[PDB]
Amino acid sequence: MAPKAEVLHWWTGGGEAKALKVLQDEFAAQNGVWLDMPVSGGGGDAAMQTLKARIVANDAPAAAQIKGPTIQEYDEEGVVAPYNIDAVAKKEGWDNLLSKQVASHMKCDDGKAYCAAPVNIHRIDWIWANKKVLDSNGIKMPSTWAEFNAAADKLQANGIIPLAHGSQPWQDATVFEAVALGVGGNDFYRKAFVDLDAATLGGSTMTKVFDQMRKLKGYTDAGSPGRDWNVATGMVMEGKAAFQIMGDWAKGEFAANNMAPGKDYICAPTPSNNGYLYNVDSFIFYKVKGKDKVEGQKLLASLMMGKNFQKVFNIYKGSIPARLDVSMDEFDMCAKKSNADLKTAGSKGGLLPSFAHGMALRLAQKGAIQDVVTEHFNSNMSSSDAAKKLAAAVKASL
Ligand SMILES: OC[C@H]1O[C@@H](O)[C@H](O)[C@@H](O)[C@@H]1O
């Protein structure tokens with residue numbers, strides 16, 4: 001009788017779990033039976049592999065955390081229809097509650113039916129800094145990479161780890177994409193990671209992106225290989241390191257440890273020309289056996305798109321609402337800056353999808369790029385060799 005749903009996600013511990021708790025509590029308040037299927041692994045690559053295996057085994061969960069064109073790629077597998085939550089989306093008028101771009105991402109049947117619910121917009125192009133460390137070292141928050149490298153050299157010379165970073169493929173790629181946006185610009189990022197333009201992927205602007213990647217390598221510590229993103233954030237909160245380049249799920253950790261922007265830590269975008277790299281956490285609802293699981297799915301979709309839910313969920317998560325009509329008044333200064341910058345970058349053509357977090361590219365392309373980025377980062381590869389390999393690896397993945 002009760003609505004039921006197995007939910008596959010990678011929100012394991014910390015600020016991620018705290019925010020997810022908001023959803024779990026609302027689902028149980030409507031007598032929903034939550035069947036937890038967590039797959040631990042920053043950024044979701046591991047969940048994506050376990051998710052693919054579940055669907056190949058004809059064991060699809062009722063709901064899965066998923067990104068962008070992976071939604072449409074599963075739809076093309078034929079495993080999502082019928083679109084029982086589009087009935088929810090039409091009655092509630094989702095096309096009037098979401099940007100046209102986010103609405104596109106959520107839709108199946110060649111854009112005809114909603115099949116996924118969005119809960120948020122994360123931003124990738126952020127730098128987090130320990131305020132006491134920067135004040136202690138007479139360092140202004142940098143606004144260019146030249147200013148960042150100079151601040152990093154000064155901190156390094158004072159015995160301080162400048163950049164807390166975990167070297168895992170997706171995590172290298174997260175920094176890489178923020179760097180690319182600033183070194184090359186909005187049109188460059190679009191051409192490379194949205195168009196997959198070969199001349200751009202292997203060109204001299206991409207060489208300069210790998211140039212800066214090589215500099216950032218020198219600013220990380222010996223414990224970086226395989227370190228979890230949230231450990232890196234932890235070292236910034238404890239003042240073991242000065243900076244972290246990471247999306248604003250890092251803010252979920254700062255909040256969960258009772259630190260405030262301005263007073264305890266500084267948040268500033270990575271350099272860009274009115275750029276913004278967006279990331280929408282969303283849940284797809286698969287074809288499933290059982291009327292209780294269909295009602296579970298429609299109940300999750302509705303809850304996930306609620307006005308008050310997206311206010312409370314996102315205060316904990318670190319992101320901003322996907323819903324357009326949610327009051328930002330209660331959010332902190334970093335989230336209000338995110339929402340402001342999103343509006344500005346949208347009007348300037350700088351509002352671009354993160355590829356490291358699944359909005360720009362299907363998983364085959366995302367993986368090809370990550371693999372080249374992490375090999376450059378963890379070796380002594382030249383920048384030009386990396387750009388050649390990047391363009392070849394994208395081309396071969398097509
Ligand atoms: O795992 C770290 C982060 O990975 C991203 O891809 C997800 O969109 C976030 O919700 C998550 O907190």
# chains A, B, ... in the order shown; residues from 1 in each chain; ligands from 1

$ residues_near_ligand --ligand "ligand 1" --cutoff "6 Å" --atoms "only C-alpha atoms and all ligand atoms" --output "list in words"
residues 16, 42, 43, 44, 249, 281 and 357 of chain A

$ write_last_selection --atoms "N, CA, C and O atoms" --output "tab-separated table (two decimals), in the first residue's frame"
chain	number	residue	atom	x	y	z
A	16	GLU	N	26.31	16.50	2.33
A	16	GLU	CA	25.48	15.78	1.36
A	16	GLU	C	24.36	15.03	2.07
A	16	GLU	O	23.18	15.20	1.73
A	42	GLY	N	32.86	10.29	-4.78
A	42	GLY	CA	32.72	11.69	-5.10
A	42	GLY	C	32.43	11.91	-6.57
A	42	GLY	O	33.06	11.28	-7.43
A	43	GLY	N	31.45	12.76	-6.87
A	43	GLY	CA	31.14	13.11	-8.24
A	43	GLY	C	30.30	12.11	-9.01
A	43	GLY	O	29.86	12.44	-10.12
A	44	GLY	N	30.09	10.90	-8.50
A	44	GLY	CA	29.10	10.00	-9.05
A	44	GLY	C	29.57	8.98	-10.07
A	44	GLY	O	28.76	8.15	-10.49
A	249	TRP	N	29.25	22.24	-3.27
A	249	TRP	CA	29.04	21.23	-2.24
A	249	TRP	C	30.08	21.35	-1.13
A	249	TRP	O	29.83	20.89	-0.01
A	281	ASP	N	21.76	18.58	-9.89
A	281	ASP	CA	21.47	17.26	-9.36
A	281	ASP	C	20.04	16.94	-9.72
A	281	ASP	O	19.15	17.76	-9.48
A	357	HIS	N	30.86	17.26	-14.16
A	357	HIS	CA	29.71	16.84	-13.38
A	357	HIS	C	28.50	16.62	-14.26
A	357	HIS	O	27.36	16.79	-13.84

$ residues_around --residues "residue 220 (chain A)" --least-positions-apart "6" --cutoff "12 Å" --atoms "only C-alpha atoms" --output "number ranges by chain"
A: 152-153, 155-156, 160-167, 172, 213-214, 227, 232, 235, 240-245, 377-378

$ closest_atom_pairs --of "region 76-95 of chain A" --to "region 294-306 of chain A" --cutoff "10 Å" --atoms "only C-alpha atoms" --output "JSON lines"
{"residue": "A:83", "atom": "CA", "partner": "A:298", "partner_atom": "CA", "distance": 9.9}
{"residue": "A:84", "atom": "CA", "partner": "A:298", "partner_atom": "CA", "distance": 6.9}
{"residue": "A:85", "atom": "CA", "partner": "A:298", "partner_atom": "CA", "distance": 5.2}
{"residue": "A:86", "atom": "CA", "partner": "A:298", "partner_atom": "CA", "distance": 8.7}
{"residue": "A:87", "atom": "CA", "partner": "A:298", "partner_atom": "CA", "distance": 8.3}
{"residue": "A:88", "atom": "CA", "partner": "A:298", "partner_atom": "CA", "distance": 6.5}
{"residue": "A:89", "atom": "CA", "partner": "A:302", "partner_atom": "CA", "distance": 8.0}
{"residue": "A:92", "atom": "CA", "partner": "A:302", "partner_atom": "CA", "distance": 8.4}
{"residue": "A:94", "atom": "CA", "partner": "A:305", "partner_atom": "CA", "distance": 8.4}

$ write_last_selection --atoms "N, CA, C and O atoms" --output "JSON list (two decimals), in the first residue's frame"
[["chain", "number", "residue", "atom", "x", "y", "z"],
["A", 83, "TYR", "N", 6.36, 7.64, -18.83],
["A", 83, "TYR", "CA", 6.84, 8.80, -18.07],
["A", 83, "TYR", "C", 5.77, 9.22, -17.07],
["A", 83, "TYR", "O", 5.13, 10.26, -17.19],
["A", 84, "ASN", "N", 5.62, 8.39, -16.04],
["A", 84, "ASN", "CA", 4.57, 8.60, -15.04],
["A", 84, "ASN", "C", 4.74, 9.89, -14.24],
["A", 84, "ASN", "O", 3.78, 10.34, -13.62],
["A", 85, "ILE", "N", 5.94, 10.49, -14.22],
["A", 85, "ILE", "CA", 6.08, 11.73, -13.46],
["A", 85, "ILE", "C", 5.79, 12.96, -14.32],
["A", 85, "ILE", "O", 5.60, 14.05, -13.77],
["A", 86, "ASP", "N", 5.69, 12.80, -15.64],
["A", 86, "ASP", "CA", 5.30, 13.94, -16.46],
["A", 86, "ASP", "C", 3.88, 14.38, -16.12],
["A", 86, "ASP", "O", 3.58, 15.58, -16.18],
["A", 87, "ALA", "N", 3.01, 13.45, -15.72],
["A", 87, "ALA", "CA", 1.71, 13.84, -15.18],
["A", 87, "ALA", "C", 1.87, 14.80, -14.01],
["A", 87, "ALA", "O", 1.10, 15.76, -13.88],
["A", 88, "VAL", "N", 2.90, 14.58, -13.18],
["A", 88, "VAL", "CA", 3.15, 15.50, -12.08],
["A", 88, "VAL", "C", 3.66, 16.83, -12.61],
["A", 88, "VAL", "O", 3.25, 17.90, -12.15],
["A", 89, "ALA", "N", 4.55, 16.78, -13.60],
["A", 89, "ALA", "CA", 5.17, 17.99, -14.13],
["A", 89, "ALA", "C", 4.16, 18.88, -14.85],
["A", 89, "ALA", "O", 4.24, 20.11, -14.74],
["A", 92, "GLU", "N", 1.63, 20.57, -12.23],
["A", 92, "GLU", "CA", 2.33, 21.56, -11.41],
["A", 92, "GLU", "C", 3.01, 22.64, -12.24],
["A", 92, "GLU", "O", 3.59, 23.57, -11.66],
["A", 94, "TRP", "N", 5.77, 22.70, -14.42],
["A", 94, "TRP", "CA", 7.22, 22.80, -14.28],
["A", 94, "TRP", "C", 7.86, 23.68, -15.35],
["A", 94, "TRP", "O", 8.88, 24.33, -15.07]]

$ residues_around --residues "residue 328 (chain A)" --least-positions-apart "5" --cutoff "12 Å" --atoms "only C-alpha atoms" --output "PyMOL selection string"
chain A and resi 307-308+310-312+314-315+319-323+333-340

$ write_last_selection --atoms "N, CA and C atoms" --output "PDB file, in the first residue's frame"
ATOM      1  N   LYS A 307       8.598  24.235  -3.427  1.00  0.00           N
ATOM      2  CA  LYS A 307       9.181  25.545  -3.139  1.00  0.00           C
ATOM      3  C   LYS A 307       9.955  25.536  -1.826  1.00  0.00           C
ATOM      4  N   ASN A 308       9.285  25.157  -0.736  1.00  0.00           N
ATOM      5  CA  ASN A 308       9.953  25.154   0.558  1.00  0.00           C
ATOM      6  C   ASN A 308      11.050  24.100   0.610  1.00  0.00           C
ATOM      7  N   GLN A 310      13.080  23.061  -1.790  1.00  0.00           N
ATOM      8  CA  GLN A 310      14.307  23.533  -2.418  1.00  0.00           C
ATOM      9  C   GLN A 310      14.924  24.705  -1.669  1.00  0.00           C
ATOM     10  N   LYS A 311      14.180  25.377  -0.791  1.00  0.00           N
ATOM     11  CA  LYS A 311      14.852  26.382   0.030  1.00  0.00           C
ATOM     12  C   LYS A 311      15.684  25.700   1.115  1.00  0.00           C
ATOM     13  N   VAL A 312      15.070  24.779   1.863  1.00  0.00           N
ATOM     14  CA  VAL A 312      15.754  24.118   2.976  1.00  0.00           C
ATOM     15  C   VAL A 312      16.829  23.163   2.468  1.00  0.00           C
ATOM     16  N   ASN A 314      18.620  23.267  -0.182  1.00  0.00           N
ATOM     17  CA  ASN A 314      19.802  23.891  -0.762  1.00  0.00           C
ATOM     18  C   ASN A 314      20.588  24.710   0.252  1.00  0.00           C
ATOM     19  N   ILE A 315      19.937  25.236   1.292  1.00  0.00           N
ATOM     20  CA  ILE A 315      20.700  25.859   2.372  1.00  0.00           C
ATOM     21  C   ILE A 315      21.701  24.862   2.953  1.00  0.00           C
ATOM     22  N   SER A 319      24.198  24.492  -2.701  1.00  0.00           N
ATOM     23  CA  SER A 319      23.784  24.926  -4.025  1.00  0.00           C
ATOM     24  C   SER A 319      22.675  25.976  -3.908  1.00  0.00           C
ATOM     25  N   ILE A 320      22.050  26.319  -5.031  1.00  0.00           N
ATOM     26  CA  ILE A 320      20.896  27.208  -5.027  1.00  0.00           C
ATOM     27  C   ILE A 320      19.740  26.422  -5.634  1.00  0.00           C
ATOM     28  N   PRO A 321      18.497  26.888  -5.502  1.00  0.00           N
ATOM     29  CA  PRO A 321      17.360  26.127  -6.048  1.00  0.00           C
ATOM     30  C   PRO A 321      17.391  26.040  -7.566  1.00  0.00           C
ATOM     31  N   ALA A 322      16.872  24.928  -8.095  1.00  0.00           N
ATOM     32  CA  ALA A 322      16.556  24.893  -9.518  1.00  0.00           C
ATOM     33  C   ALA A 322      15.273  25.658  -9.817  1.00  0.00           C
ATOM     34  N   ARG A 323      14.314  25.639  -8.893  1.00  0.00           N
ATOM     35  CA  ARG A 323      13.076  26.401  -9.048  1.00  0.00           C
ATOM     36  C   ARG A 323      13.341  27.903  -9.094  1.00  0.00           C
ATOM     37  N   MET A 333      25.841  34.479   1.867  1.00  0.00           N
ATOM     38  CA  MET A 333      26.381  35.343   0.817  1.00  0.00           C
ATOM     39  C   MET A 333      26.965  34.575  -0.356  1.00  0.00           C
ATOM     40  N   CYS A 334      27.460  33.349  -0.155  1.00  0.00           N
ATOM     41  CA  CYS A 334      28.015  32.634  -1.307  1.00  0.00           C
ATOM     42  C   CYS A 334      26.912  32.163  -2.243  1.00  0.00           C
ATOM     43  N   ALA A 335      25.800  31.709  -1.676  1.00  0.00           N
ATOM     44  CA  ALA A 335      24.696  31.232  -2.499  1.00  0.00           C
ATOM     45  C   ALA A 335      24.004  32.388  -3.204  1.00  0.00           C
ATOM     46  N   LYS A 336      23.879  33.531  -2.521  1.00  0.00           N
ATOM     47  CA  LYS A 336      23.338  34.727  -3.158  1.00  0.00           C
ATOM     48  C   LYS A 336      24.255  35.215  -4.271  1.00  0.00           C
ATOM     49  N   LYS A 337      25.573  35.073  -4.097  1.00  0.00           N
ATOM     50  CA  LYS A 337      26.498  35.406  -5.184  1.00  0.00           C
ATOM     51  C   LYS A 337      26.348  34.430  -6.346  1.00  0.00           C
ATOM     52  N   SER A 338      26.180  33.139  -6.041  1.00  0.00           N
ATOM     53  CA  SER A 338      25.941  32.155  -7.088  1.00  0.00           C
ATOM     54  C   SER A 338      24.713  32.528  -7.906  1.00  0.00           C
ATOM     55  N   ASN A 339      23.596  32.812  -7.228  1.00  0.00           N
ATOM     56  CA  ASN A 339      22.360  33.126  -7.936  1.00  0.00           C
ATOM     57  C   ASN A 339      22.507  34.404  -8.750  1.00  0.00           C
ATOM     58  N   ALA A 340      23.206  35.404  -8.200  1.00  0.00           N
ATOM     59  CA  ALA A 340      23.461  36.626  -8.953  1.00  0.00           C
ATOM     60  C   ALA A 340      24.340  36.352 -10.169  1.00  0.00           C
TER      61      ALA A 340
END

$ residues_around --residues "residue 341 (chain A)" --least-positions-apart "5" --cutoff "9 Å" --atoms "only C-alpha atoms" --output "PDB file with N, CA, C and O atoms, in the first residue's frame"
ATOM      1  N   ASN A 274      32.637  36.796 -16.846  1.00  0.00           N
ATOM      2  CA  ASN A 274      31.218  36.534 -16.563  1.00  0.00           C
ATOM      3  C   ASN A 274      30.844  35.094 -16.877  1.00  0.00           C
ATOM      4  O   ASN A 274      29.841  34.812 -17.540  1.00  0.00           O
ATOM      5  N   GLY A 275      31.664  34.173 -16.396  1.00  0.00           N
ATOM      6  CA  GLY A 275      31.419  32.766 -16.584  1.00  0.00           C
ATOM      7  C   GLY A 275      30.715  32.143 -15.393  1.00  0.00           C
ATOM      8  O   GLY A 275      30.696  32.694 -14.298  1.00  0.00           O
ATOM      9  N   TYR A 276      30.149  30.962 -15.631  1.00  0.00           N
ATOM     10  CA  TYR A 276      29.461  30.192 -14.599  1.00  0.00           C
ATOM     11  C   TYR A 276      29.302  28.777 -15.116  1.00  0.00           C
ATOM     12  O   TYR A 276      28.662  28.576 -16.155  1.00  0.00           O
ATOM     13  N   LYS A 336      23.879  33.531  -2.521  1.00  0.00           N
ATOM     14  CA  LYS A 336      23.338  34.727  -3.158  1.00  0.00           C
ATOM     15  C   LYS A 336      24.255  35.215  -4.271  1.00  0.00           C
ATOM     16  O   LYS A 336      23.783  35.726  -5.291  1.00  0.00           O
ATOM     17  N   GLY A 346      24.238  34.172 -17.567  1.00  0.00           N
ATOM     18  CA  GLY A 346      23.201  33.863 -18.545  1.00  0.00           C
ATOM     19  C   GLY A 346      23.031  34.962 -19.578  1.00  0.00           C
ATOM     20  O   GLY A 346      22.939  34.698 -20.777  1.00  0.00           O
TER      21      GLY A 346
END

$ residues_around --residues "residue 246 (chain A)" --least-positions-apart "6" --cutoff "10 Å" --atoms "only C-alpha atoms" --output "list in words"
residues 123, 124, 125, 126, 127, 128, 164, 165, 171, 172, 174, 175, 178, 229, 230, 232, 233, 269 and 270 of chain A

$ select_by_dssp --residues "region 30-206 of chain A" --states "strand (DSSP E)" --output "PDB file with C-alpha atoms, in the first residue's frame"
ATOM      1  CA  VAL A  33       9.104   3.873   2.176  1.00  0.00           C
ATOM      2  CA  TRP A  34      12.661   4.933   1.336  1.00  0.00           C
ATOM      3  CA  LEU A  35      14.890   2.066   0.202  1.00  0.00           C
ATOM      4  CA  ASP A  36      18.373   3.555   0.496  1.00  0.00           C
ATOM      5  CA  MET A  37      20.862   2.577  -2.247  1.00  0.00           C
ATOM      6  CA  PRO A  38      23.941   4.773  -1.664  1.00  0.00           C
ATOM      7  CA  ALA A  63      14.918   6.633  -8.704  1.00  0.00           C
ATOM      8  CA  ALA A  64      18.545   7.438  -9.516  1.00  0.00           C
ATOM      9  CA  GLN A  65      20.749  10.497  -9.111  1.00  0.00           C
ATOM     10  CA  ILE A  66      21.824  11.358 -12.637  1.00  0.00           C
ATOM     11  CA  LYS A 107      12.914  15.745 -20.537  1.00  0.00           C
ATOM     12  CA  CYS A 108      12.592  12.458 -22.416  1.00  0.00           C
ATOM     13  CA  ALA A 113       7.948  14.467 -21.450  1.00  0.00           C
ATOM     14  CA  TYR A 114       9.563  15.072 -18.074  1.00  0.00           C
ATOM     15  CA  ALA A 116      13.633  13.489 -14.156  1.00  0.00           C
ATOM     16  CA  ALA A 117      13.186  15.966 -11.289  1.00  0.00           C
ATOM     17  CA  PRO A 118      15.843  18.636 -10.551  1.00  0.00           C
ATOM     18  CA  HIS A 122      25.529  23.620  -8.054  1.00  0.00           C
ATOM     19  CA  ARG A 123      28.271  25.913  -9.333  1.00  0.00           C
ATOM     20  CA  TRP A 126      34.535  28.433  -6.962  1.00  0.00           C
ATOM     21  CA  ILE A 127      37.633  28.991  -4.805  1.00  0.00           C
ATOM     22  CA  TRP A 128      37.281  28.461  -1.046  1.00  0.00           C
ATOM     23  CA  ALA A 129      39.898  29.943   1.277  1.00  0.00           C
ATOM     24  CA  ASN A 130      40.635  29.863   4.993  1.00  0.00           C
ATOM     25  CA  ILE A 161      49.988  23.956   1.626  1.00  0.00           C
ATOM     26  CA  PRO A 162      48.490  26.466  -0.832  1.00  0.00           C
ATOM     27  CA  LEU A 163      45.908  24.212  -2.508  1.00  0.00           C
TER      28      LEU A 163
END

$ residues_around --residues "region 46-51 of chain A" --least-positions-apart "3" --cutoff "7 Å" --atoms "only C-alpha atoms" --output "PyMOL selection string"
chain A and resi 9-10+39+41+54-55

$ select_by_dssp --residues "region 327-392 of chain A" --states "helix (DSSP H, G or I)" --output "number ranges by chain"
A: 333-348, 363-377, 383-392

$ atom_distance --atom1 "CA of residue 260 (chain A)" --atom2 "CA of residue 238 (chain A)"
13.8 Å

$ residues_around --residues "residue 81 (chain A)" --least-positions-apart "5" --cutoff "8 Å" --atoms "only C-alpha atoms" --output "VMD selection string"
chain A and resid 75 286 to 287

$ atom_distance --atom1 "CA of residue 151 (chain A)" --atom2 "CA of residue 134 (chain A)"
9.0 Å

$ closest_residue --among "A:231, A:237, A:28, A:352" --to "residue 188 (chain A)" --atoms "only C-alpha atoms"
A:352
